[PDB]
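> Below is the file input-v6.tsv, which contains TSV, C-alpha atoms.
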```
chain	number	residue	atom	x	y	z
A	1	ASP	CA	79.92	-19.60	-29.33
A	2	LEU	CA	78.20	-22.16	-27.12
A	3	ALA	CA	74.94	-20.19	-27.18
A	4	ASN	CA	74.87	-20.07	-30.98
A	5	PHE	CA	75.57	-23.80	-30.84
A	6	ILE	CA	72.59	-24.41	-28.54
A	7	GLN	CA	70.21	-22.60	-30.85
A	8	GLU	CA	70.86	-25.20	-33.55
A	9	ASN	CA	70.06	-28.07	-31.17
A	10	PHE	CA	66.82	-26.40	-30.06
A	11	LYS	CA	65.81	-25.27	-33.56
A	12	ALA	CA	67.83	-16.47	-30.38
A	13	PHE	CA	68.44	-16.24	-26.61
A	14	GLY	CA	70.25	-13.06	-25.60
A	15	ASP	CA	69.86	-10.73	-22.63
A	16	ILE	CA	67.37	-7.91	-22.08
A	17	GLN	CA	68.41	-4.64	-20.44
A	18	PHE	CA	66.43	-1.42	-20.07
A	19	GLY	CA	69.42	-10.82	-17.32
A	20	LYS	CA	69.78	-13.80	-19.65
A	21	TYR	CA	66.78	-15.76	-20.92
A	22	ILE	CA	66.55	-18.86	-23.10
A	23	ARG	CA	63.78	-20.24	-25.33
A	24	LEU	CA	62.97	-23.96	-25.36
A	25	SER	CA	59.94	-25.59	-26.95
A	26	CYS	CA	59.19	-28.66	-24.80
A	27	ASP	CA	60.38	-32.15	-23.84
A	28	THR	CA	63.88	-30.81	-23.17
A	29	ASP	CA	65.98	-33.08	-20.98
A	30	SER	CA	65.88	-31.84	-17.39
A	31	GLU	CA	69.39	-33.18	-16.81
A	32	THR	CA	70.63	-31.27	-19.86
A	33	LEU	CA	68.90	-28.09	-18.66
A	34	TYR	CA	70.47	-28.24	-15.20
A	35	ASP	CA	73.83	-29.20	-16.71
A	36	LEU	CA	73.70	-26.23	-19.09
A	37	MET	CA	72.76	-23.81	-16.31
A	38	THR	CA	75.68	-25.05	-14.20
A	39	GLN	CA	78.12	-25.17	-17.13
A	40	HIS	CA	77.47	-21.67	-18.46
A	41	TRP	CA	77.21	-19.85	-15.12
A	42	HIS	CA	75.75	-20.04	-11.59
A	43	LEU	CA	76.65	-22.54	-8.84
A	44	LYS	CA	75.27	-25.39	-6.72
A	45	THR	CA	72.07	-25.03	-4.69
A	46	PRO	CA	72.22	-25.53	-0.90
A	47	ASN	CA	68.43	-25.09	-0.79
A	48	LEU	CA	65.80	-24.09	-3.36
A	49	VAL	CA	62.23	-22.89	-2.73
A	50	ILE	CA	59.21	-23.22	-5.02
A	51	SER	CA	56.00	-21.21	-4.78
A	52	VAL	CA	52.73	-21.39	-6.68
A	53	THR	CA	50.19	-18.56	-6.71
A	54	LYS	CA	45.31	-14.86	-10.43
A	55	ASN	CA	45.41	-11.38	-8.92
A	56	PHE	CA	45.64	-11.13	-5.14
A	57	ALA	CA	45.74	-8.19	-2.73
A	58	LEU	CA	48.64	-8.11	-0.29
A	59	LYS	CA	47.84	-8.02	3.42
A	60	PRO	CA	49.74	-6.10	6.12
A	61	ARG	CA	51.46	-9.29	7.34
A	62	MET	CA	51.85	-11.33	4.13
A	63	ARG	CA	54.46	-8.82	2.98
A	64	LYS	CA	56.43	-9.44	6.17
A	65	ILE	CA	56.19	-13.21	5.69
A	66	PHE	CA	57.47	-13.16	2.13
A	67	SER	CA	60.17	-10.56	2.85
A	68	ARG	CA	61.44	-12.85	5.61
A	69	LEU	CA	61.33	-15.80	3.22
A	70	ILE	CA	63.45	-13.94	0.67
A	71	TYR	CA	65.86	-12.82	3.39
A	72	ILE	CA	66.37	-16.44	4.44
A	73	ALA	CA	66.88	-17.49	0.82
A	74	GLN	CA	69.53	-14.77	0.63
A	75	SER	CA	71.18	-15.95	3.84
A	76	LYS	CA	71.47	-19.60	2.81
A	77	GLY	CA	71.87	-19.27	-0.96
A	78	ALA	CA	68.85	-20.45	-2.89
A	79	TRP	CA	66.83	-20.58	-6.08
A	80	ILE	CA	63.22	-19.42	-6.06
A	81	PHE	CA	60.72	-20.63	-8.65
A	82	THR	CA	57.75	-18.59	-9.88
A	83	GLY	CA	55.30	-18.91	-12.74
A	84	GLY	CA	55.34	-16.11	-15.27
A	85	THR	CA	55.23	-12.48	-14.22
A	86	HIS	CA	51.50	-11.68	-14.01
A	87	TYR	CA	51.58	-8.85	-11.51
A	88	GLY	CA	50.39	-9.52	-7.99
A	89	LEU	CA	52.15	-11.65	-5.39
A	90	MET	CA	54.96	-12.69	-7.76
A	91	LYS	CA	55.58	-9.07	-8.74
A	92	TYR	CA	55.92	-8.27	-5.04
A	93	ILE	CA	58.49	-11.07	-4.74
A	94	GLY	CA	60.45	-9.53	-7.59
A	95	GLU	CA	60.33	-6.13	-5.91
A	96	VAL	CA	61.61	-7.65	-2.66
A	97	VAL	CA	64.47	-9.32	-4.55
A	98	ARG	CA	65.46	-6.06	-6.22
A	99	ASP	CA	65.32	-4.22	-2.89
A	100	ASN	CA	67.44	-6.87	-1.17
A	101	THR	CA	70.29	-6.76	-3.68
A	102	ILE	CA	70.88	-3.02	-3.34
A	103	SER	CA	70.24	-3.20	0.40
A	104	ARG	CA	73.06	-5.70	0.92
A	105	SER	CA	75.13	-6.50	-2.21
A	106	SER	CA	78.45	-7.85	-0.75
A	107	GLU	CA	78.63	-11.68	-0.90
A	108	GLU	CA	76.24	-13.98	-2.75
A	109	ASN	CA	72.98	-13.28	-4.59
A	110	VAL	CA	69.46	-14.65	-5.01
A	111	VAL	CA	67.87	-15.87	-8.24
A	112	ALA	CA	64.15	-15.81	-9.07
A	113	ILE	CA	64.43	-18.12	-12.09
A	114	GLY	CA	60.80	-17.80	-13.17
A	115	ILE	CA	59.17	-20.26	-15.58
A	116	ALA	CA	56.36	-19.64	-18.13
A	117	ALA	CA	55.19	-20.24	-21.70
A	118	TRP	CA	55.94	-18.58	-25.02
A	119	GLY	CA	52.32	-18.01	-26.01
A	120	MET	CA	51.04	-16.03	-23.03
A	121	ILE	CA	53.63	-13.28	-23.53
A	122	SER	CA	53.44	-10.42	-26.01
A	123	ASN	CA	55.64	-10.38	-29.11
A	124	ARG	CA	59.30	-9.46	-28.73
A	125	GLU	CA	62.23	-9.06	-31.10
A	126	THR	CA	64.04	-12.32	-31.84
A	127	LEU	CA	67.82	-12.51	-32.20
A	128	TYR	CA	71.25	-10.85	-30.64
A	129	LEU	CA	70.65	-8.72	-27.54
A	130	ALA	CA	67.18	-7.49	-28.42
A	131	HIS	CA	65.69	-4.86	-26.12
A	132	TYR	CA	62.26	-5.38	-24.55
A	133	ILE	CA	59.53	-2.85	-23.76
A	134	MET	CA	56.48	-3.60	-21.60
A	135	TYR	CA	50.42	-11.28	-21.25
A	136	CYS	CA	52.90	-9.17	-19.28
A	137	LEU	CA	56.30	-9.52	-17.63
A	138	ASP	CA	58.12	-8.27	-14.53
A	139	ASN	CA	61.50	-6.56	-14.63
A	140	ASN	CA	62.73	-7.86	-11.27
A	141	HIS	CA	63.19	-11.53	-12.17
A	142	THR	CA	66.73	-12.32	-13.27
A	143	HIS	CA	66.07	-15.12	-15.77
A	144	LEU	CA	62.91	-16.72	-17.15
A	145	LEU	CA	63.10	-19.99	-19.08
A	146	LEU	CA	60.59	-20.22	-21.92
A	147	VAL	CA	58.38	-23.22	-22.62
A	148	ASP	CA	55.15	-24.33	-24.32
A	149	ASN	CA	56.68	-24.93	-27.78
A	150	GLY	CA	54.32	-23.58	-30.48
A	151	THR	CA	51.09	-22.07	-29.20
A	152	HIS	CA	49.16	-18.81	-29.44
A	153	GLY	CA	46.15	-19.35	-27.18
A	154	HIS	CA	47.08	-22.43	-25.17
A	155	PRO	CA	46.86	-21.50	-21.46
A	156	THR	CA	49.09	-22.88	-18.70
A	157	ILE	CA	50.90	-25.20	-21.11
A	158	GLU	CA	54.28	-24.82	-19.38
A	159	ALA	CA	52.74	-25.55	-15.95
A	160	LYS	CA	53.36	-29.25	-16.56
A	161	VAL	CA	57.05	-29.27	-17.47
A	162	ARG	CA	57.93	-26.89	-14.65
A	163	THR	CA	56.85	-29.46	-12.07
A	164	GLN	CA	58.95	-32.04	-13.93
A	165	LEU	CA	62.12	-30.02	-13.36
A	166	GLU	CA	61.11	-29.47	-9.74
A	167	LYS	CA	61.29	-33.25	-9.31
A	168	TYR	CA	64.64	-33.78	-11.03
A	169	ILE	CA	67.01	-31.73	-8.89
A	170	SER	CA	66.16	-33.66	-5.72
A	171	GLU	CA	67.27	-36.92	-7.34
A	172	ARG	CA	70.72	-35.52	-8.13
A	173	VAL	CA	73.31	-36.57	-5.55
A	174	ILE	CA	76.17	-34.38	-4.30
A	175	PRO	CA	78.62	-35.85	-1.76
A	176	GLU	CA	78.95	-34.15	1.62
A	177	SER	CA	75.95	-31.90	0.97
A	178	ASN	CA	75.04	-31.75	4.71
A	179	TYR	CA	71.74	-33.48	3.78
A	180	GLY	CA	73.23	-36.87	2.95
A	181	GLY	CA	73.38	-36.07	-0.76
A	182	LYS	CA	69.75	-34.95	-1.17
A	183	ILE	CA	69.28	-31.24	-1.86
A	184	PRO	CA	66.23	-29.92	0.05
A	185	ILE	CA	63.05	-28.73	-1.72
A	186	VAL	CA	60.03	-26.90	-0.20
A	187	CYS	CA	56.65	-25.68	-1.62
A	188	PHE	CA	54.90	-22.54	-0.35
A	189	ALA	CA	51.22	-21.93	-1.14
A	190	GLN	CA	49.89	-18.36	-1.33
A	191	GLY	CA	44.38	-20.83	-6.22
A	192	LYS	CA	43.17	-23.81	-8.24
A	193	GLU	CA	46.52	-24.08	-10.04
A	194	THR	CA	48.26	-24.21	-6.66
A	195	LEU	CA	45.85	-26.99	-5.67
A	196	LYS	CA	46.86	-29.15	-8.63
A	197	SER	CA	50.55	-28.38	-8.15
A	198	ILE	CA	50.19	-29.51	-4.53
A	199	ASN	CA	49.02	-32.92	-5.70
A	200	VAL	CA	51.96	-33.08	-8.09
A	201	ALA	CA	54.33	-32.07	-5.28
A	202	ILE	CA	53.03	-34.74	-2.92
A	203	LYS	CA	53.22	-37.38	-5.65
A	204	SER	CA	56.87	-36.33	-6.02
A	205	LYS	CA	57.42	-36.73	-2.25
A	206	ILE	CA	58.09	-33.02	-1.67
A	207	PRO	CA	57.02	-31.39	1.62
A	208	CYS	CA	54.86	-28.29	1.27
A	209	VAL	CA	54.01	-25.36	3.51
A	210	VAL	CA	50.67	-23.55	3.64
A	211	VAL	CA	49.82	-20.25	5.31
A	212	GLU	CA	47.61	-20.49	8.38
A	213	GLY	CA	40.92	-17.23	0.93
A	214	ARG	CA	41.82	-20.03	-1.47
A	215	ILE	CA	42.50	-23.78	-1.49
A	216	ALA	CA	45.28	-23.10	1.01
A	217	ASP	CA	42.70	-21.64	3.40
A	218	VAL	CA	40.54	-24.75	2.93
A	219	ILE	CA	43.54	-26.95	3.76
A	220	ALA	CA	44.08	-24.90	6.91
A	221	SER	CA	40.39	-25.23	7.81
A	222	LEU	CA	40.63	-29.02	7.46
A	223	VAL	CA	43.19	-29.09	10.27
A	224	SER	CA	31.81	-35.82	0.87
A	225	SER	CA	30.12	-33.38	3.24
A	226	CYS	CA	33.46	-32.38	4.78
A	227	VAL	CA	34.96	-31.34	1.44
A	228	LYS	CA	31.81	-29.51	0.34
A	229	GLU	CA	31.47	-27.68	3.67
A	230	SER	CA	35.06	-26.44	3.64
A	231	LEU	CA	34.79	-25.52	-0.05
A	232	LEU	CA	31.60	-23.50	0.45
A	233	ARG	CA	33.05	-21.74	3.49
A	234	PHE	CA	36.34	-20.83	1.79
A	235	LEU	CA	35.05	-19.15	-1.38
A	236	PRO	CA	31.39	-18.42	-2.23
A	237	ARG	CA	31.91	-17.25	-5.81
A	238	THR	CA	34.64	-19.69	-6.87
A	239	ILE	CA	32.60	-22.84	-6.22
A	240	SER	CA	29.60	-21.56	-8.19
A	241	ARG	CA	31.58	-21.29	-11.43
A	242	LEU	CA	32.83	-24.86	-11.08
A	243	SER	CA	30.37	-27.52	-12.22
A	244	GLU	CA	28.99	-30.19	-9.90
A	245	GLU	CA	31.32	-32.90	-11.26
A	246	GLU	CA	34.30	-30.55	-10.99
A	247	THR	CA	33.49	-30.60	-7.28
A	248	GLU	CA	33.93	-34.39	-7.33
A	249	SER	CA	37.30	-33.85	-9.00
A	250	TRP	CA	38.09	-31.36	-6.23
A	251	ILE	CA	37.11	-33.99	-3.65
A	252	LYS	CA	39.56	-36.42	-5.24
A	253	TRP	CA	42.37	-33.85	-5.29
A	254	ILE	CA	41.80	-32.85	-1.66
A	255	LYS	CA	41.83	-36.52	-0.67
A	256	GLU	CA	45.16	-36.89	-2.46
A	257	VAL	CA	46.52	-33.82	-0.66
A	258	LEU	CA	45.47	-35.10	2.77
A	259	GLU	CA	46.50	-38.71	2.03
A	260	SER	CA	49.93	-38.35	3.66
A	261	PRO	CA	50.13	-36.05	6.73
A	262	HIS	CA	53.86	-36.24	7.45
A	263	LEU	CA	55.11	-34.49	4.30
A	264	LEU	CA	52.69	-31.56	4.53
A	265	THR	CA	53.21	-28.77	7.06
A	266	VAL	CA	51.15	-25.78	8.21
A	267	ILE	CA	52.01	-22.34	9.61
A	268	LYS	CA	50.23	-20.84	12.62
A	269	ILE	CA	49.20	-17.22	13.14
A	270	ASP	CA	59.09	-13.05	13.34
A	271	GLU	CA	60.83	-16.41	12.85
A	272	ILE	CA	57.65	-18.40	12.17
A	273	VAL	CA	58.58	-18.78	8.49
A	274	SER	CA	62.05	-20.12	9.23
A	275	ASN	CA	60.68	-22.47	11.89
A	276	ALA	CA	58.01	-23.80	9.52
A	277	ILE	CA	60.49	-24.37	6.70
A	278	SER	CA	62.93	-26.16	8.97
A	279	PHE	CA	60.14	-28.21	10.49
A	280	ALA	CA	58.92	-29.24	7.04
A	281	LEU	CA	62.40	-30.37	6.04
A	282	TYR	CA	62.85	-32.18	9.36
A	283	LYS	CA	59.71	-34.28	8.94
A	284	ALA	CA	60.89	-35.60	5.58
A	285	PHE	CA	64.31	-36.35	7.02
A	286	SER	CA	62.67	-38.23	9.88
A	287	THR	CA	60.22	-40.35	7.85
A	288	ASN	CA	62.95	-42.34	6.11
A	289	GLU	CA	64.34	-43.68	9.43
A	290	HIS	CA	67.81	-43.89	7.84
A	291	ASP	CA	68.63	-40.60	9.58
A	292	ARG	CA	67.37	-42.10	12.86
A	293	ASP	CA	70.38	-44.39	13.28
B	1	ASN	CA	27.30	-1.34	-6.28
B	2	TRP	CA	30.11	-1.75	-3.77
B	3	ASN	CA	31.08	1.90	-4.36
B	4	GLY	CA	28.01	3.33	-2.60
B	5	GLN	CA	28.28	0.72	0.15
B	6	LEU	CA	31.83	1.99	0.61
B	7	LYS	CA	30.79	5.65	0.59
B	8	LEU	CA	28.37	5.12	3.46
B	9	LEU	CA	31.02	3.40	5.58
B	10	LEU	CA	33.43	6.20	4.68
B	11	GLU	CA	31.07	8.83	6.10
B	12	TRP	CA	31.25	7.31	9.59
B	13	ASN	CA	34.89	6.66	10.56
B	14	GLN	CA	34.69	2.86	10.64
B	15	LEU	CA	37.70	0.89	9.36
B	16	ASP	CA	37.68	-2.61	10.86
B	17	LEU	CA	34.23	-3.45	9.48
B	18	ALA	CA	34.88	-1.86	6.09
B	19	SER	CA	38.11	-3.77	5.47
B	20	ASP	CA	36.31	-7.08	5.91
B	21	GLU	CA	33.14	-6.36	3.96
B	22	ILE	CA	34.32	-4.25	0.99
B	23	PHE	CA	37.98	-5.36	0.66
B	24	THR	CA	37.91	-9.13	0.20
B	25	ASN	CA	39.60	-11.02	-2.61
B	26	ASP	CA	36.53	-12.00	-4.65
B	27	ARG	CA	35.86	-8.50	-5.98
B	28	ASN	CA	38.43	-6.27	-7.68
B	29	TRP	CA	39.15	-2.55	-7.87
B	30	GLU	CA	41.52	-0.15	-9.59
B	31	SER	CA	42.81	3.38	-8.98
B	32	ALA	CA	40.39	4.77	-11.56
B	33	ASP	CA	37.61	3.41	-9.36
B	34	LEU	CA	39.00	4.82	-6.10
B	35	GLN	CA	40.09	8.34	-7.16
B	36	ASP	CA	36.92	10.13	-6.00
B	37	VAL	CA	36.72	8.22	-2.72
B	38	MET	CA	40.38	9.11	-2.14
B	39	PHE	CA	39.70	12.79	-2.73
B	40	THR	CA	37.04	12.96	-0.04
B	41	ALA	CA	39.12	10.69	2.20
B	42	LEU	CA	41.83	13.33	2.14
B	43	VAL	CA	39.48	16.30	2.53
B	44	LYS	CA	37.63	14.96	5.60
B	45	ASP	CA	40.86	14.06	7.47
B	46	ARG	CA	40.30	10.28	7.46
B	47	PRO	CA	43.88	8.97	7.81
B	48	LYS	CA	43.43	5.25	8.44
B	49	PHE	CA	41.19	5.04	5.38
B	50	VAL	CA	43.98	6.65	3.35
B	51	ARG	CA	46.25	3.88	4.60
B	52	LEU	CA	43.66	1.30	3.56
B	53	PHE	CA	43.33	2.81	0.08
B	54	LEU	CA	47.11	3.05	-0.40
B	55	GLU	CA	47.67	-0.57	0.62
B	56	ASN	CA	45.28	-1.82	-2.09
B	57	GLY	CA	47.06	-0.56	-5.17
B	58	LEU	CA	46.43	3.20	-5.33
B	59	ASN	CA	49.26	4.93	-7.20
B	60	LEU	CA	49.49	8.23	-5.35
B	61	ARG	CA	51.84	10.06	-7.72
B	62	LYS	CA	49.42	9.25	-10.55
B	63	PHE	CA	46.41	10.49	-8.57
B	64	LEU	CA	47.87	13.95	-7.85
B	65	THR	CA	47.24	15.89	-11.03
B	66	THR	CA	47.69	19.66	-11.06
B	67	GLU	CA	43.92	20.29	-11.10
B	68	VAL	CA	43.47	18.26	-7.91
B	69	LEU	CA	46.26	20.25	-6.24
B	70	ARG	CA	44.59	23.50	-7.29
B	71	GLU	CA	41.34	22.26	-5.76
```
Show me, as structure tokens, the structure contained in the file I just sent.

Amino acid sequence: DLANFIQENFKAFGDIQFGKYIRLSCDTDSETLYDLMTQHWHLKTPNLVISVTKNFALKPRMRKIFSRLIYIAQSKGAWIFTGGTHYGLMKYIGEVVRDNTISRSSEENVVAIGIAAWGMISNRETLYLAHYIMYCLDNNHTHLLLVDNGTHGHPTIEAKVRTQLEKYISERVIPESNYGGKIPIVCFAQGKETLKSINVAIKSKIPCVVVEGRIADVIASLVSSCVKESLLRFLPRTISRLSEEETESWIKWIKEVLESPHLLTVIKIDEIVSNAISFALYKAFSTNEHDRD
Amino acid sequence: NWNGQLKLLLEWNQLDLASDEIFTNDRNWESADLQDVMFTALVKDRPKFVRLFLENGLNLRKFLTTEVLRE
């Protein structure tokens, strides 16, 4: 009923089993999207995490860190945000989610809620409940909202609008939320795409967390000649591909990232993840000075 | 030719150095690349190297074909 109604407005979105996904072109109202997600199903968000990762090899500890992160998200009740399902770190997150549900079940659940574009994915049957068979997708994620309107070769088109939604939810006010009406929001960095999304995050006044071989490692090292030295140390091959002027653009982006120290937070080499997240949140709550009184 | 550089370090039982030099993020590898190295790794009783190969995306059930078991 309501679903068939929505298709007309968008100008099709069933469930795949072998969750529910929806297709939207672009410029959709963020308020309408959140309102629809709440109206149809789901519930309010005590705390939601966002992560930006593009293949990467997992390390013996990184798995522990992210498993702990997902366990905390389970404990509190949270939404996670991921981009697409290109296998790698995000696929590992999906696997951890799937393991957690069967491990515990009982009360509550966690949502991955991944976001990506129409074009990058392979063709699939269009509606009611079309089946799907495996540029590629992951089975673990519960729902993925579709973006990028009409494209076939456009890369990373959705990456813009995703950040937009990341900004909206914070603005929404809920009385007696335990955070004075402002739902918390935290960014976790695992490369270049994460760098740009960090600048967007900071411009949106969102605290971010960075692990103690990519831009994130350069940020940790930081803790002109400075930028170039850290860039050369972090990744020999990556810098060579980028042109000389692209390095000036990188200088500008790194300056933007370091502009405000209070919002950003850094981990240091079992509860380190929880402590870092809480610390990040606390710094934002302290900057305003309205919480001080 | 990172494969030969890896073979030499596989001969002598050296893990800590090998991880760093041959298993950084810049270069990539797949199971098809590592099958032969895995075979010898098993034969010569090099356990920690089997751990290192399994961590970095080696599908073990796919590697064990009946011919390899016969061998």
> Residues within 10 Å of residue A:22, please, as a PDB file with C-alpha atoms, in the coordinates of the input. Count all atoms listed in the file; anything in the same chain fewer than 4 positions from it doesn't count.

```
ATOM      1  CA  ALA A   3      74.940 -20.190 -27.180  1.00  0.00           C
ATOM      2  CA  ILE A   6      72.590 -24.410 -28.540  1.00  0.00           C
ATOM      3  CA  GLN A   7      70.210 -22.600 -30.850  1.00  0.00           C
ATOM      4  CA  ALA A  12      67.830 -16.470 -30.380  1.00  0.00           C
ATOM      5  CA  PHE A  13      68.440 -16.240 -26.610  1.00  0.00           C
ATOM      6  CA  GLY A  14      70.250 -13.060 -25.600  1.00  0.00           C
ATOM      7  CA  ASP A  15      69.860 -10.730 -22.630  1.00  0.00           C
ATOM      8  CA  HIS A 143      66.070 -15.120 -15.770  1.00  0.00           C
ATOM      9  CA  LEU A 144      62.910 -16.720 -17.150  1.00  0.00           C
ATOM     10  CA  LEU A 145      63.100 -19.990 -19.080  1.00  0.00           C
ATOM     11  CA  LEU A 146      60.590 -20.220 -21.920  1.00  0.00           C
ATOM     12  CA  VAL A 147      58.380 -23.220 -22.620  1.00  0.00           C
TER      13      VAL A 147
END
```
> Quote the spacing between atom CA of residue A:111 and atom CA of residue A:93 in Å to one decimal place.
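Distance between the two atoms: 11.1 Å.
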> For atom CA of residue A:184 and atom CA of residue A:276, quote the distance in Å rounded to one decimal.
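So the two atoms, atom CA of residue A:184 and atom CA of residue A:276, lie 14.0 Å apart.
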> Show me, as a ChimeraX atom specification, the residues that have an atom within 10 Å of stretch 32-44 of chain A when counting only C-alpha atoms, minus same-chain residues fewer than 2 positions from it.
/A:2-3,6,24,28-30,46-47,77-79,111,145,165,168-169,174,183
> How big is the axis-aligned box, and where does its centre sit, when it encloses all atoms of stretch 207-215 of chain A listed in the file and has 3 Å added on every side, reported in Å to one decimal as JSON?

```
{"center_x": 49.0, "center_y": -24.3, "center_z": 3.4, "size_x": 22.1, "size_y": 20.2, "size_z": 15.9}
```
> Could you list, as a list in words, the residues of chain B having an atom within 10 Å of chain A when counting all atoms listed in the file?
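The answer, sorted by residue number, is residues 23, 24, 25, 26, 27, 28, 52, 55, 56 and 57 of chain B.
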> Mind giving me the straight-line distance from atom CA of residue A:51 to atom CA of residue A:83 in Å, one decimal?
8.3 Å
> Within 12 Å of residue B:51, counting all atoms listed in the file, which residues qualify if same-chain residues fewer than 4 places away don't, as a PyMOL selection string?
(chain A and resi 60) or (chain B and resi 15+19+38+41-42+45-47+55-58+60)
> Return the single residue from B:9, B:31, B:71, B:22 that is closest to residue B:43, with distances computed using only C-alpha atoms.
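Among the listed residues, B:71 lies closest to residue B:43.
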> Counting only C-alpha atoms, figure out which residue out of B:5, B:44, B:50, B:66 gets nearest to residue B:18.
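Going through B:5, B:44, B:50, B:66 one by one, the smallest distance to residue B:18 is for B:5.
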